[PDB]
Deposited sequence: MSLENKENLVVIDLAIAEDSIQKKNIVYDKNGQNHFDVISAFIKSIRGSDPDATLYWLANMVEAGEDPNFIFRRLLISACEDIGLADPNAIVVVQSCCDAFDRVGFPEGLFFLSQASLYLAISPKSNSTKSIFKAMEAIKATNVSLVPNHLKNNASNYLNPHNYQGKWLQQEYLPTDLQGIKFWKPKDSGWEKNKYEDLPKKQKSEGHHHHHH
């Protein structure tokens, strides 16, 4: 049941609602919830829910955890609030979970991709060349920063 509050909190972040985020956040801290337990979920969210929409999201959130470590309560509340608000208002993407589609397919390396392959063409020196095996298909599904990169 405190799993229910942190769930409401993370779904609020995922839904881009900074008000509900703070509300569930305040709920957890009036309840004396463990801050490392909040931070671990923020980190995961920074990569599972924001991810390549803003690839510096994990950087900001880690700085907020480190800062919290040095500082603790009552002041640390600001790190919790910045990191929570920061994820709530960021653009969203779950394209980092594309790894699971690839793990499903997995469940032999082309020659040109072998270590010290003799017929590898280095893209820096220059491109058509195949990176998947012959018998294989799109695993990565882009949805922010990843849009421009795409």
Check your understanding: In sequence order, which deposited residues have no C-alpha?
Key -> 1-33, 141-145, 165-168, 179-180, 188-189, 197-213
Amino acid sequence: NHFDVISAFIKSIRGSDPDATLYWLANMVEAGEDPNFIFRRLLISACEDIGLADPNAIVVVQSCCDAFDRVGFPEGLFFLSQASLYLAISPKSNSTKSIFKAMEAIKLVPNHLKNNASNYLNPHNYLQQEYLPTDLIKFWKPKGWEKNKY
From here on, numbers count along this sequence of modelled residues.
Revision key, fill the gap. Once average C-alpha B-factors are taken from the entry for 97-105 and 37-45, the winner is 97-105
Exercise for review: Look up the CA B-factors in the entry and say which stretch, 63-71 or 111-119, has the higher mean.
Suggested key: 111-119
Practice item. Tell me which of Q82, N125, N56, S90 tops the list for C-alpha B factor in the record. Key: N125
Check your understanding: Split the chain's modelled residues into thirds by Cα B-factor; is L25 in the lowest, middle or highest one?
Key -> middle
